[PDB]
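Undergrad: Structure in structure tokens, see below.
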Amino acid sequence: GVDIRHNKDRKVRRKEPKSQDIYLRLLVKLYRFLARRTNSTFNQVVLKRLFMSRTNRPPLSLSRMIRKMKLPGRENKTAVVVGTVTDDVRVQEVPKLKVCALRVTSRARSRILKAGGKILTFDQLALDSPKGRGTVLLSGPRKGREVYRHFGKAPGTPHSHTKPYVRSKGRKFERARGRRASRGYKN
Amino acid sequence: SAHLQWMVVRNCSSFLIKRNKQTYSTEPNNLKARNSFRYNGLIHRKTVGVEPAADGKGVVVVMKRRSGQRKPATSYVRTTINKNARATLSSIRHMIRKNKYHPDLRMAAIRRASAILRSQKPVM
Amino acid sequence: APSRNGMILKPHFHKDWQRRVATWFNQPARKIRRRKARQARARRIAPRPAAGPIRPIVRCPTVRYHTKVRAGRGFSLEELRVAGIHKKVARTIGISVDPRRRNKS
Amino acid sequence: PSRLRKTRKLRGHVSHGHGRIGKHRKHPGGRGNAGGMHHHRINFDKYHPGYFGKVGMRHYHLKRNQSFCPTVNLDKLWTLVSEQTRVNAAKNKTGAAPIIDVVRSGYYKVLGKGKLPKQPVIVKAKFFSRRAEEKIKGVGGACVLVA
Amino acid sequence: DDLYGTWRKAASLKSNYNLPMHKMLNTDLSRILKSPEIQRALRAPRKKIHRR
Amino acid sequence: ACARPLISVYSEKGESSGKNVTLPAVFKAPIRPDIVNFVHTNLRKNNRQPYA
RNA sequence: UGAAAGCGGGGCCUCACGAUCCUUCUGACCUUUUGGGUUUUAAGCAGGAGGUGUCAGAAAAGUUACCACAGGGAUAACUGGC
RNA sequence: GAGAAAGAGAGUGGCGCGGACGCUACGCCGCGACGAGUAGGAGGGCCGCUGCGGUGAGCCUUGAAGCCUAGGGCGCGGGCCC
RNA sequence: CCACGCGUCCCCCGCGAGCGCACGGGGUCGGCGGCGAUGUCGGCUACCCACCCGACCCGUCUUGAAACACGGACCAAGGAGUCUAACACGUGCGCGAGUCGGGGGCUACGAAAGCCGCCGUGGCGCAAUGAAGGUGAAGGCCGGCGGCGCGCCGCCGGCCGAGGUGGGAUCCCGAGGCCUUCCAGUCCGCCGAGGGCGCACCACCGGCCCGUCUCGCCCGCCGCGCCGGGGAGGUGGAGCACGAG
RNA sequence: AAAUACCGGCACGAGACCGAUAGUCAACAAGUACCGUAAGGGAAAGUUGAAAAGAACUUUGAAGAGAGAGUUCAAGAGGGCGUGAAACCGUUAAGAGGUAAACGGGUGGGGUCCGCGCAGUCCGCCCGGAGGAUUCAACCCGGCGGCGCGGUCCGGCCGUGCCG
Ligand SMILES: [Mg+2]
Ligand SMILES: [Mg+2]
Ligand SMILES: [Mg+2]
Ligand SMILES: [Mg+2]
Ligand SMILES: [Mg+2]
Ligand SMILES: [Mg+2]
Ligand SMILES: [Mg+2]
Ligand SMILES: [Mg+2]
Ligand SMILES: [Mg+2]
Ligand SMILES: [Mg+2]
Ligand SMILES: [Mg+2]
Ligand SMILES: [Mg+2]
Ligand SMILES: [Mg+2]
Ligand SMILES: [Mg+2]
Ligand SMILES: [Mg+2]
Ligand SMILES: [Mg+2]
Ligand SMILES: [Mg+2]
Ligand SMILES: [Mg+2]
Ligand SMILES: [Mg+2]
Ligand SMILES: [Mg+2]
Ligand SMILES: [Mg+2]
Ligand SMILES: [Mg+2]
Ligand SMILES: [Mg+2]
Ligand SMILES: [Mg+2]
Ligand SMILES: [Mg+2]
Ligand SMILES: [Mg+2]
Ligand SMILES: [Mg+2]
Ligand SMILES: [Mg+2]
Ligand SMILES: [Mg+2]
Ligand SMILES: [Mg+2]
Ligand SMILES: [Mg+2]
Ligand SMILES: [Mg+2]
Ligand SMILES: [Mg+2]
Ligand SMILES: [Mg+2]
Ligand SMILES: [Mg+2]
Ligand SMILES: [Mg+2]
Ligand SMILES: [Mg+2]
Ligand SMILES: [Mg+2]
Ligand SMILES: [Mg+2]
Ligand SMILES: [Mg+2]
Ligand SMILES: [Mg+2]
């Protein structure tokens, strides 16, 4: 025979989205072409990011967009998001932004446009810049989800600040034998 | 548009027909009668179709005009060609080529016109 | 016999719960019955207000809700007496009375 | 849909997804959350620490209405009032300062988390924090109590 | 457009409603692809089939 | 798209009238058959009587 | 303690020991005791102890030849096998 | 397709009316290596059954469902068409 | 001998054509011959029979079953991971610091569907922590007014104003050149030495809030008190550190 | 009083339910037949055909049962009668037969039918030879269509654009 191990023989990654959305698949049909037929790897990253799941493309907020476009050097560039540019109400003055996301929520659209900005989609993005140059690609906060407060080294195991699955935060609900030192032992 | 309509009609249309590990599309202006984006007779701004005439001789060639897209009555134009087999095919060839009118399927129209004319000369 | 990680929980199905289960398939029949009765009453008291009597501004009790004003139970006797309305004539001319309400303000 | 679940693919397979050696018996580790001290000790130590035992005082007749005091932050303090009040206050040169009644919005207590923009305010709250008050003062502004 | 709203005025006969925004606007893919913006910035096609 | 054609009203004898109303923006809201199938699947279960 | 460097928070090292609930004692001008205040009282918070030697910790005597049920050739009373 | 970072790039002066297939892009095509399997996990079913919304200007007394068959066949197979 | 000619400065000694054959990116013949109407021609498979090689009866529990292990005479129909609730994670969809009318109300299929918005009551989220009273999530610089053997700074007006280190997909600048006769020489792209701004994320150091301990000096006044507020250094938290529900 | 609850009763309407081993125990002379001393247990069991037109009459036997004749579209629907499978059985035909039968791989032989086989494909262009049409190009008139290559023709309409 041959002594291969066939355990990891299959790459797990996505070839296509698991959505039957049709505007998303037409964006896929455009970026399959641009990634297959340009040499720029922005199109391969945008192809792989249109492929992803809702929890793999998290929404960055307008505050992250403001800060990460105010980093010096990338003036009058084009922010490129594959998730959702949501509004962030704890910012007041918004600069002129040139954004490109799949979906921008309503008051964030009003905010950017009356700041004086311009909101593109990916089709007119690819008409504006096919190799995608002059673009700052950005991502949402991906460990921002609350399900990551439960992940990692278990609770009840020292040096591990993992939130446990408790049906109610209270006084009687997991405070006693592993948490105290007067009751039992502390970790 | 056209791709937007194709992403709907590609699987849940009524002209589609799926059996015997084949697939076809029974729509009224489909050269080669098969389910494809290239040949579909409903989702384009310009489309030819090759039909046998109501009189039992010759070919009515259907063109889709440019202006009245959303107006299905004054959208298609019929031309009846009742000639020999050479000039019928030459007329369909010039009509699709020299108008630059959707030249993806000039040869499919010529095949379909020839198959109709084969079936329209008498049987053995 | 619990698995690796997950919220340990107290489901209250240890009784016989299937014998006592109230299912709501007459929810829209109940709504149609109530609005048939509401239309019948609202046309049998023919010019009078359909909502019933008038009920006072009164303020919700506790620390969570005392900034909110509701419609209460009925007008107090002190309120009726300062407004001149007799406490037995009010229920006839359409005013709701309860005798239990204080007035501390 | 039972068209899509696992029991369709498991027809023909003799054990139906539960093994031949250890079968699918009825309740092999007790009903429910049983054996907390005894034989699921490692699960309730490794995954639910603090579960067994008592801590703290017993409050008998508890009322969330008594203990009700929700919070706003300084970071979202200006959400509560419309945008034209902000731009009129910044546009104004007479020094007049808008009054934000947080209790009208429904938050009893102002906390100070974020940056507050440099406009004079009058924040009319029930309770305050030390940092919320001193950020209001440092911007210029007043902290008005209302019971 | 009174019931379901337009793209700039809201729904006059709903409470809080406006039409849902598109995810790509220029839906015609072939006019995007056969356009002088993209056809400049592409490598050459290798369609020489190289069988074994 | 973004533009709005001018749909004519047809008189009850069939021939086109002189009245001509613009196409509302509902007719250029996006076509999504998956949302239509989803809402149809979940709402054609609500007119359904029990059995036991 | 030694003059000093230093050494010492038990025994030269390797064993000599015990979770939750409960009780008891110790601690602070501490917190709660419920509409307010004082005072006892109770509840807490933190640290020892009272103990589970089946020692990660049920509170527990036999008999059945009148016997039964679920199983086991995981396991005895026969032959057969090494 | 060609061993060699990158243009069969634009600019300024010294008769015959002709050309196959294709591209359900979830499609089609090209290279390589690979194929054991109980408990188990996953994927694909144009495998199958019963009923509902769509649809085939579907089928049917010029004979539907079913049942039988030394007949013609397809698919690795589930099965299916005659 | 896989060596080709000319013209010049130096030293030591870039387009020639035509055909044709083929050990050359996988087979063709531009080669043939027979038999065919009442007895023959083709059909692997499906009907019966023969021969050779192989060939123990299934399910099951088992370390091991053809077992002298148990179940099974044969057939037709029925016959076993379902539904409700709770939780977790993954995935699709809508809205997004919000979100949901589920309960109520208003208007054949339709007990559907639509609508409410001063019906968001309410849930979950947006804030943690403590047993509890409770408290409740950047700082720095300037000017003025050992204070002494608060150079720190207490208090006042202004200014900067929301960490850093390392690695980082992406992008940004561009030493140079990508020839069609040669030189200067513009415009359009392209490749790249070197250098940048650095998303998510990870590792680390800092910082902030609640408890707790230790050490200290200040500050506030309507009630100067067993009052209240402050700081520095560790440490306990399911926290913050520009939402993710 | 009202809002509220209702697997008994009177009278209804409906169903992404079941379709005679299902759905109630019960589609029928079902709480019936039957068992038990009793309390109580409790089935099986639907369908000719359109219409009985349910086979007059002859003939053998004592009769059940046949053979003819007849009704019917059909008795290949004949009073427990639609359709009528499997296990099992009778008979006919074919084939075989001493390692129980059966089986997998490989062919061989014999049947059964199928191929409507048994002088065997056609399709373009070209040359030559016999024909026949009211006949091709080019022009004219009308209509229909397609497209700055009208740089920059006149006018509307629209903007998920701007300014007055
Ligand atoms: Mg191998
Ligand atoms: Mg393997
Ligand atoms: Mg694997
Ligand atoms: Mg398990
Ligand atoms: Mg298996
Ligand atoms: Mg399993
Ligand atoms: Mg088993
Ligand atoms: Mg197990
Ligand atoms: Mg075991
Ligand atoms: Mg279980
Ligand atoms: Mg134990
Ligand atoms: Mg020490
Ligand atoms: Mg008391
Ligand atoms: Mg008292
Ligand atoms: Mg005895
Ligand atoms: Mg026994
Ligand atoms: Mg022996
Ligand atoms: Mg395998
Ligand atoms: Mg043998
Ligand atoms: Mg067994
Ligand atoms: Mg066993
Ligand atoms: Mg054994
Ligand atoms: Mg085993
Ligand atoms: Mg044996
Ligand atoms: Mg035995
Ligand atoms: Mg056994
Ligand atoms: Mg047996
Ligand atoms: Mg069966
Ligand atoms: Mg789990
Ligand atoms: Mg998820
Ligand atoms: Mg009804
Ligand atoms: Mg029956
Ligand atoms: Mg039956
Ligand atoms: Mg029955
Ligand atoms: Mg029966
Ligand atoms: Mg019958
Ligand atoms: Mg019949
Ligand atoms: Mg019959
Ligand atoms: Mg019968
Ligand atoms: Mg027989
Ligand atoms: Mg015989």
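Chain labels run A, B, ... following the order of the structure tokens; each chain numbers its residues from 1, and ligands are numbered from 1 in the order shown.
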Within 7 Å of ligand 7, counting only C-alpha atoms (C1' of nucleotides) and all ligand atoms: which residues, as a PyMOL selection string?
TA: (chain D and resi 15+20-21+23) or (chain I and resi 60-61)
Undergrad: Could you save the residues just selected, with N, CA, C and O atoms (P, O5', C5', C4', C3', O3' and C1' of nucleotides), as a PDB file, in the first residue's frame?
TA:
```
ATOM      1  N   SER D  15     -27.753  -0.615  15.443  1.00  0.00           N
ATOM      2  CA  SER D  15     -27.800  -0.030  16.773  1.00  0.00           C
ATOM      3  C   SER D  15     -28.423   1.355  16.817  1.00  0.00           C
ATOM      4  O   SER D  15     -28.726   1.831  17.914  1.00  0.00           O
ATOM      5  N   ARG D  20     -23.149  -0.940  20.049  1.00  0.00           N
ATOM      6  CA  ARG D  20     -23.469  -2.322  20.359  1.00  0.00           C
ATOM      7  C   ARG D  20     -22.975  -2.744  21.726  1.00  0.00           C
ATOM      8  O   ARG D  20     -23.613  -3.567  22.373  1.00  0.00           O
ATOM      9  N   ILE D  21     -21.812  -2.259  22.147  1.00  0.00           N
ATOM     10  CA  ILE D  21     -21.224  -2.727  23.396  1.00  0.00           C
ATOM     11  C   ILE D  21     -21.923  -2.092  24.583  1.00  0.00           C
ATOM     12  O   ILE D  21     -22.545  -2.777  25.400  1.00  0.00           O
ATOM     13  N   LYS D  23     -25.056  -0.183  25.260  1.00  0.00           N
ATOM     14  CA  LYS D  23     -26.256   0.047  24.475  1.00  0.00           C
ATOM     15  C   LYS D  23     -26.846   1.410  24.807  1.00  0.00           C
ATOM     16  O   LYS D  23     -26.215   2.263  25.434  1.00  0.00           O
TER      17      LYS D  23
ATOM     18  P     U I  60     -25.684  -8.342  13.853  1.00  0.00           P
ATOM     19  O5'   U I  60     -25.653  -8.605  15.412  1.00  0.00           O
ATOM     20  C5'   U I  60     -26.698  -8.157  16.251  1.00  0.00           C
ATOM     21  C4'   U I  60     -26.880  -9.068  17.436  1.00  0.00           C
ATOM     22  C3'   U I  60     -25.761  -9.070  18.445  1.00  0.00           C
ATOM     23  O3'   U I  60     -25.855  -7.977  19.327  1.00  0.00           O
ATOM     24  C1'   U I  60     -26.439 -11.284  17.989  1.00  0.00           C
ATOM     25  P     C I  61     -24.580  -7.060  19.584  1.00  0.00           P
ATOM     26  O5'   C I  61     -23.898  -7.727  20.845  1.00  0.00           O
ATOM     27  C5'   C I  61     -24.514  -7.645  22.114  1.00  0.00           C
ATOM     28  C4'   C I  61     -23.948  -8.655  23.065  1.00  0.00           C
ATOM     29  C3'   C I  61     -22.444  -8.765  23.105  1.00  0.00           C
ATOM     30  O3'   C I  61     -21.805  -7.719  23.800  1.00  0.00           O
ATOM     31  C1'   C I  61     -23.387 -10.916  23.080  1.00  0.00           C
TER      32        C I  61
END
```
Undergrad: Using only C-alpha atoms, I'd like every residue of chain C that has an atom within 12 Å of chain F; please write them out as a PDB file with N, CA, C and O atoms, in the first residue's frame.
TA:
```pdb
ATOM      1  N   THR C  23     -54.079  24.637  26.229  1.00  0.00           N
ATOM      2  CA  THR C  23     -53.621  25.007  24.907  1.00  0.00           C
ATOM      3  C   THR C  23     -54.577  26.034  24.323  1.00  0.00           C
ATOM      4  O   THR C  23     -55.777  26.023  24.606  1.00  0.00           O
ATOM      5  N   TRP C  24     -54.031  26.914  23.493  1.00  0.00           N
ATOM      6  CA  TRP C  24     -54.670  28.159  23.088  1.00  0.00           C
ATOM      7  C   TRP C  24     -55.259  28.101  21.692  1.00  0.00           C
ATOM      8  O   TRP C  24     -55.210  29.095  20.982  1.00  0.00           O
ATOM      9  N   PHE C  25     -55.838  26.981  21.256  1.00  0.00           N
ATOM     10  CA  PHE C  25     -56.364  26.957  19.899  1.00  0.00           C
ATOM     11  C   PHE C  25     -57.660  27.735  19.752  1.00  0.00           C
ATOM     12  O   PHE C  25     -58.062  28.024  18.625  1.00  0.00           O
ATOM     13  N   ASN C  26     -58.313  28.097  20.850  1.00  0.00           N
ATOM     14  CA  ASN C  26     -59.436  29.012  20.790  1.00  0.00           C
ATOM     15  C   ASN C  26     -59.033  30.443  21.081  1.00  0.00           C
ATOM     16  O   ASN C  26     -59.871  31.222  21.531  1.00  0.00           O
ATOM     17  N   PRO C  28     -58.163  32.779  18.643  1.00  0.00           N
ATOM     18  CA  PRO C  28     -58.862  33.732  17.779  1.00  0.00           C
ATOM     19  C   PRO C  28     -60.370  33.636  17.902  1.00  0.00           C
ATOM     20  O   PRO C  28     -61.060  34.634  17.689  1.00  0.00           O
TER      21      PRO C  28
END
```
Undergrad: Can you check which residues of chain C have any atom within 7 Å of chain I? Use only C-alpha atoms (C1' of nucleotides) and format it as a PyMOL selection string.
TA: chain C and resi 6-7+11+28-29
Undergrad: I want to know what sits within 12 Å of residue G:19, based on only C-alpha atoms (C1' of nucleotides), with residues of the same chain fewer than 4 positions away left out; could you give that as a PDB file with N, CA, C and O atoms (P, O5', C5', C4', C3', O3' and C1' of nucleotides), in the first residue's frame?
TA:
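So the final result, stored in out_39.pdb, reads:
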```pdb
ATOM      1  N   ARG A 177     -19.009  26.652  46.772  1.00  0.00           N
ATOM      2  CA  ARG A 177     -17.956  25.738  47.220  1.00  0.00           C
ATOM      3  C   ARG A 177     -16.661  25.894  46.437  1.00  0.00           C
ATOM      4  O   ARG A 177     -15.578  25.731  46.999  1.00  0.00           O
ATOM      5  N   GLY A 178     -16.721  26.224  45.167  1.00  0.00           N
ATOM      6  CA  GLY A 178     -15.485  26.409  44.446  1.00  0.00           C
ATOM      7  C   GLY A 178     -14.994  27.837  44.486  1.00  0.00           C
ATOM      8  O   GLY A 178     -13.840  28.107  44.161  1.00  0.00           O
ATOM      9  N   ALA A 181     -13.257  30.593  49.952  1.00  0.00           N
ATOM     10  CA  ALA A 181     -12.290  29.801  50.684  1.00  0.00           C
ATOM     11  C   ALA A 181     -12.838  29.345  52.023  1.00  0.00           C
ATOM     12  O   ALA A 181     -12.354  28.353  52.571  1.00  0.00           O
ATOM     13  N   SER A 182     -13.845  30.043  52.538  1.00  0.00           N
ATOM     14  CA  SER A 182     -14.540  29.619  53.740  1.00  0.00           C
ATOM     15  C   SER A 182     -15.461  28.446  53.462  1.00  0.00           C
ATOM     16  O   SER A 182     -15.776  27.672  54.368  1.00  0.00           O
ATOM     17  N   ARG A 183     -15.930  28.322  52.227  1.00  0.00           N
ATOM     18  CA  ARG A 183     -16.685  27.149  51.808  1.00  0.00           C
ATOM     19  C   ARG A 183     -15.809  26.338  50.872  1.00  0.00           C
ATOM     20  O   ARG A 183     -15.769  26.585  49.676  1.00  0.00           O
ATOM     21  N   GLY A 184     -15.093  25.363  51.414  1.00  0.00           N
ATOM     22  CA  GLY A 184     -14.408  24.414  50.562  1.00  0.00           C
ATOM     23  C   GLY A 184     -13.013  24.790  50.118  1.00  0.00           C
ATOM     24  O   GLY A 184     -12.039  24.551  50.832  1.00  0.00           O
ATOM     25  N   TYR A 185     -12.913  25.357  48.921  1.00  0.00           N
ATOM     26  CA  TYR A 185     -11.637  25.636  48.281  1.00  0.00           C
ATOM     27  C   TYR A 185     -11.878  26.666  47.196  1.00  0.00           C
ATOM     28  O   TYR A 185     -12.934  26.672  46.568  1.00  0.00           O
TER      29      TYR A 185
ATOM     30  N   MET D  37     -22.702  15.176  44.417  1.00  0.00           N
ATOM     31  CA  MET D  37     -21.610  15.081  45.362  1.00  0.00           C
ATOM     32  C   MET D  37     -20.754  13.855  45.117  1.00  0.00           C
ATOM     33  O   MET D  37     -19.605  13.820  45.559  1.00  0.00           O
ATOM     34  N   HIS D  38     -21.292  12.857  44.418  1.00  0.00           N
ATOM     35  CA  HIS D  38     -20.815  11.488  44.508  1.00  0.00           C
ATOM     36  C   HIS D  38     -20.107  11.014  43.252  1.00  0.00           C
ATOM     37  O   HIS D  38     -18.924  10.688  43.299  1.00  0.00           O
ATOM     38  N   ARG D  41     -18.947  14.260  40.424  1.00  0.00           N
ATOM     39  CA  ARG D  41     -18.134  15.217  41.163  1.00  0.00           C
ATOM     40  C   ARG D  41     -17.196  15.970  40.247  1.00  0.00           C
ATOM     41  O   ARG D  41     -17.008  17.179  40.396  1.00  0.00           O
ATOM     42  N   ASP D  45     -17.211  19.936  39.566  1.00  0.00           N
ATOM     43  CA  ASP D  45     -16.054  20.712  39.968  1.00  0.00           C
ATOM     44  C   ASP D  45     -15.363  21.370  38.791  1.00  0.00           C
ATOM     45  O   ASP D  45     -14.861  22.484  38.919  1.00  0.00           O
ATOM     46  N   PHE D  52     -22.504  23.854  45.152  1.00  0.00           N
ATOM     47  CA  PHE D  52     -23.052  23.356  46.401  1.00  0.00           C
ATOM     48  C   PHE D  52     -22.708  24.304  47.530  1.00  0.00           C
ATOM     49  O   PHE D  52     -21.570  24.746  47.648  1.00  0.00           O
ATOM     50  N   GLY D  53     -23.680  24.603  48.373  1.00  0.00           N
ATOM     51  CA  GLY D  53     -23.414  25.358  49.578  1.00  0.00           C
ATOM     52  C   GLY D  53     -24.148  26.681  49.602  1.00  0.00           C
ATOM     53  O   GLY D  53     -24.731  27.129  48.618  1.00  0.00           O
TER      54      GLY D  53
ATOM     55  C1'   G G  51     -15.912  14.056  61.175  1.00  0.00           C
ATOM     56  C3'   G G  51     -15.013  12.649  62.776  1.00  0.00           C
ATOM     57  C4'   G G  51     -16.322  13.236  63.307  1.00  0.00           C
ATOM     58  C5'   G G  51     -16.195  14.004  64.592  1.00  0.00           C
ATOM     59  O3'   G G  51     -15.315  11.465  62.042  1.00  0.00           O
ATOM     60  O5'   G G  51     -14.971  13.703  65.244  1.00  0.00           O
ATOM     61  P     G G  51     -13.952  14.856  65.622  1.00  0.00           P
ATOM     62  P     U G  52     -14.222  10.311  61.870  1.00  0.00           P
ATOM     63  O5'   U G  52     -14.967   9.197  61.034  1.00  0.00           O
ATOM     64  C5'   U G  52     -14.707   9.032  59.654  1.00  0.00           C
ATOM     65  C4'   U G  52     -15.939   9.311  58.851  1.00  0.00           C
ATOM     66  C3'   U G  52     -15.797   9.234  57.349  1.00  0.00           C
ATOM     67  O3'   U G  52     -15.872   7.916  56.853  1.00  0.00           O
ATOM     68  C1'   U G  52     -16.957  11.196  57.930  1.00  0.00           C
ATOM     69  P     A G  56     -10.968   9.389  49.863  1.00  0.00           P
ATOM     70  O5'   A G  56     -11.699  10.744  49.507  1.00  0.00           O
ATOM     71  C5'   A G  56     -12.917  11.088  50.133  1.00  0.00           C
ATOM     72  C4'   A G  56     -13.816  11.806  49.170  1.00  0.00           C
ATOM     73  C3'   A G  56     -14.345  10.951  48.029  1.00  0.00           C
ATOM     74  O3'   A G  56     -15.624  10.402  48.320  1.00  0.00           O
ATOM     75  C1'   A G  56     -13.312  12.930  47.179  1.00  0.00           C
ATOM     76  P     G G  57     -15.804   9.000  49.081  1.00  0.00           P
ATOM     77  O5'   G G  57     -15.659   9.387  50.603  1.00  0.00           O
ATOM     78  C5'   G G  57     -16.298   8.649  51.621  1.00  0.00           C
ATOM     79  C4'   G G  57     -16.948   9.585  52.599  1.00  0.00           C
ATOM     80  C3'   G G  57     -18.263  10.170  52.144  1.00  0.00           C
ATOM     81  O3'   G G  57     -19.348   9.308  52.357  1.00  0.00           O
ATOM     82  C1'   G G  57     -16.901  11.892  52.977  1.00  0.00           C
TER      83        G G  57
END
```
Undergrad: Any idea what's packed within 12 Å of stretch 140-144 of chain J, counting only C-alpha atoms (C1' of nucleotides), ignoring anything in its chain fewer than 5 positions away? Could you give it as a PDB file with N, CA, C and O atoms, in the first residue's frame?
TA:
```
ATOM      1  N   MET B  63     -38.004  38.071 -33.154  1.00  0.00           N
ATOM      2  CA  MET B  63     -36.984  38.939 -32.597  1.00  0.00           C
ATOM      3  C   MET B  63     -37.588  39.652 -31.401  1.00  0.00           C
ATOM      4  O   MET B  63     -38.777  39.968 -31.405  1.00  0.00           O
ATOM      5  N   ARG B  65     -37.627  43.121 -29.445  1.00  0.00           N
ATOM      6  CA  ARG B  65     -37.169  44.465 -29.748  1.00  0.00           C
ATOM      7  C   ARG B  65     -36.529  45.092 -28.513  1.00  0.00           C
ATOM      8  O   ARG B  65     -36.438  44.485 -27.447  1.00  0.00           O
ATOM      9  N   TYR B  76     -42.319  41.413 -29.139  1.00  0.00           N
ATOM     10  CA  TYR B  76     -41.764  40.493 -30.113  1.00  0.00           C
ATOM     11  C   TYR B  76     -42.240  40.857 -31.508  1.00  0.00           C
ATOM     12  O   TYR B  76     -43.368  41.313 -31.697  1.00  0.00           O
ATOM     13  N   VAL B  77     -41.368  40.659 -32.489  1.00  0.00           N
ATOM     14  CA  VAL B  77     -41.696  40.903 -33.886  1.00  0.00           C
ATOM     15  C   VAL B  77     -41.482  39.622 -34.675  1.00  0.00           C
ATOM     16  O   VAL B  77     -40.431  38.980 -34.568  1.00  0.00           O
ATOM     17  N   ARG B  78     -42.505  39.240 -35.434  1.00  0.00           N
ATOM     18  CA  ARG B  78     -42.499  38.048 -36.264  1.00  0.00           C
ATOM     19  C   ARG B  78     -42.068  38.425 -37.671  1.00  0.00           C
ATOM     20  O   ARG B  78     -42.486  39.459 -38.192  1.00  0.00           O
ATOM     21  N   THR B  79     -41.246  37.584 -38.295  1.00  0.00           N
ATOM     22  CA  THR B  79     -41.045  37.645 -39.743  1.00  0.00           C
ATOM     23  C   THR B  79     -41.166  36.242 -40.312  1.00  0.00           C
ATOM     24  O   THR B  79     -40.432  35.346 -39.899  1.00  0.00           O
ATOM     25  N   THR B  80     -42.058  36.058 -41.275  1.00  0.00           N
ATOM     26  CA  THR B  80     -42.242  34.758 -41.898  1.00  0.00           C
ATOM     27  C   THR B  80     -41.330  34.650 -43.109  1.00  0.00           C
ATOM     28  O   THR B  80     -41.297  35.553 -43.948  1.00  0.00           O
TER      29      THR B  80
END
```
Undergrad: Could you name the residues that touch stretch 69-76 of chain G at 12 Å or less, counting only C-alpha atoms (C1' of nucleotides), but leaving out those on the same chain fewer than 2 positions away, as a list in words?
TA: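 Surrounding residues, per the criterion: residues 67 and 78 of chain G; 61, 62, 63, 69 and 70 of chain I.
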Undergrad: Work out how far apart atom CA of residue A:107 and atom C1' of residue I:97 are and give it in Å to one decimal.
TA: 11.6 Å
